[PDB]
Amino acid sequence: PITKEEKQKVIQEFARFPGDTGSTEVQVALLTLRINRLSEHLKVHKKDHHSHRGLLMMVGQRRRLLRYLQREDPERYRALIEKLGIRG
Amino acid sequence: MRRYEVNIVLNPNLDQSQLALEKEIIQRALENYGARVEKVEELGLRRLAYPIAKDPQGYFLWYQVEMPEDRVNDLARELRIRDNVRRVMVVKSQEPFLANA
Amino acid sequence: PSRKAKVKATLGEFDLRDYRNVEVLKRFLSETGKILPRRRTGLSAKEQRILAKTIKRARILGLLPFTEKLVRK
Amino acid sequence: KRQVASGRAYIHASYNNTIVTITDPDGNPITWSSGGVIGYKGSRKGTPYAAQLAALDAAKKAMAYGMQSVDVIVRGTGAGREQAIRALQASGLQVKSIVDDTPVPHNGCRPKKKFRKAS
RNA sequence: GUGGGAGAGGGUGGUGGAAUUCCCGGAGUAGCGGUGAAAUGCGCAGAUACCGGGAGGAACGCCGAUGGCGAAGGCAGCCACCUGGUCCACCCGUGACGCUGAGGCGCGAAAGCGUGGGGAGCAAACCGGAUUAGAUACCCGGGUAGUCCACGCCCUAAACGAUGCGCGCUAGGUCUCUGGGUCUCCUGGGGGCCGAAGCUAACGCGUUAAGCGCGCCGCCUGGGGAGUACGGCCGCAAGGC
Ligand SMILES: [K+]
Ligand SMILES: [K+]
Ligand SMILES: [K+]
Ligand SMILES: [K+]
Ligand SMILES: [K+]
Ligand SMILES: [K+]
Ligand SMILES: [K+]
Ligand SMILES: [K+]
Ligand SMILES: [K+]
Ligand SMILES: [K+]
Ligand SMILES: [K+]
Ligand SMILES: [K+]
Ligand SMILES: [Mg+2]
Ligand SMILES: [Mg+2]
Ligand SMILES: [Mg+2]
Ligand SMILES: [Mg+2]
Ligand SMILES: [Mg+2]
Ligand SMILES: [Mg+2]
Ligand SMILES: [Mg+2]
Ligand SMILES: [Mg+2]
Ligand SMILES: [Mg+2]
Ligand SMILES: [Mg+2]
Ligand SMILES: [Mg+2]
Ligand SMILES: [Mg+2]
Ligand SMILES: [Mg+2]
Ligand SMILES: [Mg+2]
Ligand SMILES: [Mg+2]
Ligand SMILES: [Mg+2]
Ligand SMILES: [Mg+2]
Ligand SMILES: [Mg+2]
Ligand SMILES: [Mg+2]
Ligand SMILES: [Mg+2]
Ligand SMILES: [Mg+2]
Ligand SMILES: [Mg+2]
Ligand SMILES: [Mg+2]
Ligand SMILES: [Mg+2]
Ligand SMILES: [Mg+2]
Ligand SMILES: [Mg+2]
Ligand SMILES: [Mg+2]
Ligand SMILES: [Mg+2]
Ligand SMILES: [Mg+2]
Ligand SMILES: [Mg+2]
Ligand SMILES: [Mg+2]
Ligand SMILES: [Mg+2]
Ligand SMILES: [Mg+2]
Ligand SMILES: [Mg+2]
Ligand SMILES: [Mg+2]
Ligand SMILES: [Mg+2]
């Protein structure tokens, strides 16, 4: 799973400022954590299709946000991608 | 780290000596995996509801240990190796759900 | 009609999650080692559900029965 | 000859025949009977009457070994299942106690097409 | 975000008891089985019925519900691990980041296909017994593929609520699952029943709409010929679109 600390860590590591919990960046980070943790799970259990539905949803939820960010502040965008190491 | 309960039913015909060797191996293993005995309840033997391993009784052991999840299955598999160990029932500890209280 | 006294009423405080109290668990099994209905256990769905779980645990341990022989007749 | 005086009486009822097996306190058979063991050959074996005779027949065959009292075990739900009980009671043999112990699975094998459907 | 919750949601490993079958031992003897009645069949190389031991496969009694979970298919012993969804409370953070969704991609009961394994019980085909005017059937005795596992295909269905998805609006009553609260009851999410307004050809629907509205997709246009022919795409094939 993902413990409070782990969770809390990344949040802080990404909050746009102290107290920032629900910013686009925080979200994308958090999401990336899940997507990755889940992605590894699937490499093992390739048959757990149900969980894979979830994967699909997150990957999408992420696209949505990133797309939003990049349309509002193309900079913070490139920044966030760079940090999170996303895109292609 | 998570809190579990290693239930163990042993051969009801072990002499004070035999009971001890098996009971220590139990202690031995618990360590090799990452357990930490918080408490034990050697309730001893009781009359089984059905014959287990051809005996109408079993010697019961209980522990409220704490260990690393990714090992719980492995440890349990180990305890089972013994022939005097006829039951290994490990359970994630829970908050007592009272009722009619 | 499931009359008589309910198993819950006829009892005090207990931990539905304690799969080792044979004295009390044993009360929720019928003459046969079958798990009694809500009509009889006098429990709430949520409770009844937890019970079944612990009872099944007690059986595997040997503490409780899986089935008993019907007597009389 | 062997003298037992007390043992078990197993009644195996079914919708096609009744069959009584009397054994020692360890389950080893001493004598047995059935619808066919008596005259009956076709469907008259599942008849409660058949049961009665079959049961009575076993009781006598048992008396011979000194048998005096017995524990009954009932398996099956055929007709004349309750008749074999009744019979044994009035058979000189003292019926210490009845007990239904019909096997039932906790769902193992797919039944024959003839025995399929639930709820 | 934080704190709580219920659940047969999924995947992996392990494990428990009941029952069937087979094998070993005991005891025991003449039938058992099966049907409307029978017969085939099995049994003195000793069956059936009974007790003890063992092997193996498949499925999980009671709990169990009118219940729960899932997007659908679908999901039920128990334990651990890995993992998806979801509801509630607090109003804490971002600040319209939303809805729908041609094509695409993925999932997709059963049967079926390939390779390997397994095989208790059941069972297309098939081999027999009966029934019948006949009986390529129903009933009975057998029994192969298959049913089960791994990996890869197939992509269909009365895949059904025969009801696409989201949002707002329009009386209530009653049972129920799950959560919060000052806990008769109030408030939220889900499952049912009856019903205001209204709708409907009618049956019925009726805050879980088939009502009143807006957004987007899919689809229809008399019956037969025909889900056929042709073409294309897909599949090892069967065959699918
Ligand atoms: K014969
Ligand atoms: K249901
Ligand atoms: K969860
Ligand atoms: K084949
Ligand atoms: K399957
Ligand atoms: K497939
Ligand atoms: K409450
Ligand atoms: K009307
Ligand atoms: K109607
Ligand atoms: K074609
Ligand atoms: K082709
Ligand atoms: K096809
Ligand atoms: Mg008969
Ligand atoms: Mg939470
Ligand atoms: Mg589940
Ligand atoms: Mg068995
Ligand atoms: Mg034998
Ligand atoms: Mg012959
Ligand atoms: Mg002979
Ligand atoms: Mg032979
Ligand atoms: Mg047999
Ligand atoms: Mg046996
Ligand atoms: Mg075998
Ligand atoms: Mg639903
Ligand atoms: Mg989770
Ligand atoms: Mg706020
Ligand atoms: Mg602001
Ligand atoms: Mg969409
Ligand atoms: Mg399929
Ligand atoms: Mg299949
Ligand atoms: Mg195959
Ligand atoms: Mg094969
Ligand atoms: Mg068959
Ligand atoms: Mg003919
Ligand atoms: Mg047949
Ligand atoms: Mg339907
Ligand atoms: Mg209502
Ligand atoms: Mg409601
Ligand atoms: Mg409600
Ligand atoms: Mg429902
Ligand atoms: Mg009206
Ligand atoms: Mg209505
Ligand atoms: Mg609406
Ligand atoms: Mg069309
Ligand atoms: Mg036409
Ligand atoms: Mg025309
Ligand atoms: Mg047509
Ligand atoms: Mg077609």
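Only the coordinates and a few stated rules stand behind these numbers; no lab work does. Every residue, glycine among them, receives a Cβ derived from its backbone with ideal geometry; neighbour counts consider all protein chains shown.
For this structure, a couple of remarks:
- For the stretch C:54-73, a tally of residues being over 25 Å from B:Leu10 (Cβ atoms) and loosely packed, with under 15 Cβ neighbours inside 10 Å returns 4.
- Count of the stretch D:16-68 residues which are in contact (Cβ under 8 Å) with a residue 60 or more places away in the chain and near RNA strand E (Cβ under 6 Å from one of its atoms): 2
- Selection over the stretch A:1-24 of residues that are part of a helix (DSSP H, G or I) and more than 8 Å from RNA strand E (Cβ to nearest atom) gives a count of 7.
- If you go through the stretch C:45-73 and keep only what is over 22 Å from C:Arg20 (Cβ atoms) and either at the interface with chain B (Cβ under 9 Å from one of its Cβ atoms) or in a strand (DSSP E or B) (or both), you end up with C:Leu70, C:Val71.
- Among the residues listed as A:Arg53, A:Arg37, A:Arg64, the single one being charged (D, E, K, R), more than 16 Å from ligand 13 (Cβ to nearest atom), over 30 Å from B:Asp70 (Cα atoms) and away from every other protein chain (no Cβ under 14 Å): A:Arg64
- Among all residues of the stretch B:1-21, there is at least one that is among the aromatic types (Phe, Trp, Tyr), under 22 Å from C:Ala58 (Cβ atoms) and away from chain C (no Cβ under 11 Å).
- Within the set C:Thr41, C:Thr10, the sole residue that is over 26 Å from D:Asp100 (Cα atoms), more than 7 Å from chain B (Cβ to nearest Cβ) and of a type in the set (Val, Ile, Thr) turns out to be C:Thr10.
- In the stretch A:40-50, residue farthest from the other protein chains (Cβ to nearest Cβ) [restricted to those that are within 7 Å of RNA strand E (Cβ to nearest atom) and in a helix (DSSP H, G or I)]: A:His49
- Residue match in the stretch D:55-71 (condition: surrounded by 18 or more Cβ atoms within 10 Å (Cβ to Cβ) and under 26 Å from C:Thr32 (Cα atoms)): yes
- Unique match (being over 16 Å from B:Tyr50 (Cβ atoms), aliphatic (A, V, I, L, M) and crowded, with 18+ Cβ neighbours inside 10 Å) among C:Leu36, C:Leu25: C:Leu36
- Top-ranked residue in the stretch D:69-111 [being farther than 26 Å from D:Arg44 by Cα and hydroxyl-bearing (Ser, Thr, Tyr); ranked as nearest to the other protein chains (Cβ to nearest Cβ)]: D:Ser97
Okay, residues lined up against (1) within 14 Å of another protein chain (Cβ to nearest Cβ); (2) within 16 Å of ligand 13 (Cβ to nearest atom):
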{"residue": "D:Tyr10", "(1), (2)": "yes, no"}
{"residue": "D:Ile38", "(1), (2)": "no, yes"}
{"residue": "D:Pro48", "(1), (2)": "no, yes"}
{"residue": "D:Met67", "(1), (2)": "no, no"}
{"residue": "D:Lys113", "(1), (2)": "no, no"}
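- Sub-8 Å Cβ pairs linking a first residue in the stretch B:60-76 that is within 14 Å of chain C (Cβ to nearest Cβ) and surrounded by 15 or more Cβ atoms within 10 Å (Cβ to Cβ) to a second residue that is among the small types (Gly, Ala, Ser) and not in a helix (DSSP H, G or I), at least 6 apart or interchain, are B:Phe60/B:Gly44; B:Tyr63/B:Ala35; B:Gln64/B:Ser93, ordered by first then second residue.
- Between C:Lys4, C:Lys34, the distinction of being away from chain B (no Cβ under 11 Å) and on the phi > 0 side of the Ramachandran plot belongs to C:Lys4 only.
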